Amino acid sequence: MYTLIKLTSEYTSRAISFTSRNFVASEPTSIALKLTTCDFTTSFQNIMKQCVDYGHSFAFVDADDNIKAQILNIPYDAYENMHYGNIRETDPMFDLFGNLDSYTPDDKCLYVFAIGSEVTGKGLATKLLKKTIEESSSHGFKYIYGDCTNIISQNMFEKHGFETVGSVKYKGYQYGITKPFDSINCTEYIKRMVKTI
């Protein structure tokens, strides 16, 4: 069926594409901003590559080694110093997320940049999150942080012991005179969620 793997460098191109496509198709903030995969890859390919290279990311692959679900994780200290391919299309995204960067870890922390699954309702994302919790413990991380934009992942994180430490309401959020997130209907907040290991 599908095999749980630790992502390695040979999967980098597949990992970048998987999250780009998955988020552009199905993640609330990307959809709200009408991002294309070009927009997403430009802004986020660096962090996605680093999620693979730091060694703490996981995926489910099919028999032909295609990624069907993945979780891209990176140490928080690398996240805090991350560079992005900034473009006008994603400026409001960075503005929104920036609000959550005020709650910071006081010890070793693993940051979940992205979780996604193209084969849904089969437990794949849940299993990736549980694997990530095991990984965090094994490497002496004290916290896992995620900025979760989707009610589905918020509930999943809650089910696995995460607590909300910060939030921003989508409806009414402004970037200058624009209201770029008012189109979101599935989810009311973006939330920074923290699990203490």
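Quick note: we count residues from 1 along the sequence shown, nothing fancier.
- Stretches compared: 16-24, 183-191. Higher mean C-alpha B-factor in the entry: 183-191.
- Between 90-98 and 111-119, it is 90-98 that carries the larger average Cα temperature factor according to the deposited entry.
- When the C-alpha B factors of 64, 147, 158, 53 are read from the deposited coordinates, the top value falls at 64.
- The deposited CA B-factor of residue 81 belongs to the highest third of values across its chain.
- Ranked against the other modelled residues of its chain, the C-alpha B-factor of residue 59 as given in the entry falls in the lowest third.
- Among the modelled residues of its chain, residue 49 has a C-alpha B-factor that falls in the lowest third, as given in the PDB entry.
- Among all modelled residues in this chain, the alpha-carbon of residue 104 has a temperature factor (C-alpha) in the highest third.
- Among all modelled residues in its chain, residue 36 ranks in the highest third by Cα B-factor.
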